[PDB]
């Protein structure tokens, strides 16, 4: 069972866990309870397993898309901010954490992928996906590459798959139809085919993952990467002269990243629900609390209006929101888990040559519906 009188918090390893720990120290200093912050691997899978036995963290941080499934499984406590508190955060962030007519988490920040590029290697970054092969040939001649990004997580390839028409669940008239999925449509196939062609033509390697792409960009070996706000700290440290901008278009249409709202849920089994609420409302979701996390690894466009006013002046955040507006907020429905697993396999299989694009997406579509 969860220990009474302290808070255990889980957040992903790419986020500001050390900054969050600093907020936890302040909470302890002012109100008493120790706060322990951990970042277990595969925590979005780990959480439902341990929470099911009445264990795990008091507070779980993840993008909002995983939360409907958690709520459906009975793993989340009710969250009931009063009106005054609700007014401090943007409406669309609350909507991302609204499930079956109730709020199931506190929204923290809006995340969207952007194109990150090295201004020294590439002062004028490409506006289109289609110009990347020629750009890579030019760079390969100089012992550099045009682009490296994580190919193991479909989050990163989805913007291209969606560009020409792929979609997860059709949303019509305020409702998601779980039987209308757009994973093996022509648009999805076209986008995935373009990616696989980049691999076939040696412009990218199928085994490139988060670590490899981060290192390559930060070491100045590749002119571009695709990543989120959390990644900007390590780039700063590397001293690479970078920019953050609009993702390239595909077939003249914008890349459409799936927008995540980093959110904090309270474990239904926590005996510390009131401590968790106080921590989230009165320590974390304050200008000082978000600054502490943000200075560690950037959060993106925060949900808290007062601090977002400060962050909005950052051109990287502006680029983040431009890409967010061209994309779509993720559904939070329980079927998102199945969606992501199926698309993950489809992209890896197509990228590695285990299956054709058409067969990979056909199988994913089938698995999802």
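Residue numbers count along the first chain shown, from 1.
Asker: Name the higher of the two by mean Cα B-factor in the PDB entry, 113-121 versus 173-181.
Answerer: Here the higher of the two C-alpha B-factor means belongs to 173-181.
Asker: Where do the C-alpha atoms have the higher mean temperature factor in this entry, in 44-52 or in 57-65?
Answerer: Higher mean C-alpha B-factor: 44-52.
Asker: Specify which of 87, 288, 153, 221 carries the largest Cα B factor in the deposited PDB entry.
Answerer: Across 87, 288, 153, 221, the entry lists the biggest C-alpha B-factor for 221.
Asker: Highest Cα B-factor in the PDB entry belongs to which of 296, 278, 131, 214?
Answerer: Out of 296, 278, 131, 214, the record gives the largest C-alpha B-factor to 131.
Asker: C-alpha B factor of residue 312, ranked within the chain: lowest, middle or highest third?
Answerer: CA B-factor rank for residue 312: highest third.
Asker: Using the temperature factors of the C-alpha atoms in this entry, rank residue 75 within its chain: lowest, middle or highest third.
Answerer: Its C-alpha B-factor, which the entry lists for residue 75, ranks in the middle third among residues of this chain.
Asker: Considering every modelled residue of the chain and its Cα B-factor in the PDB entry, is residue 337 in the lowest, middle or highest third?
Answerer: As the PDB entry reports it, the C-alpha B-factor of residue 337 lands in the highest third of its chain.
Asker: Based on the deposited C-alpha B factors for this chain, I'd like to know if residue 81 is in the lowest, middle or highest third.
Answerer: Highest third.
Asker: Where does the C-alpha B-factor of residue 252 rank in its chain, lowest, middle or highest third?
Answerer: Middle third by C-alpha B-factor.
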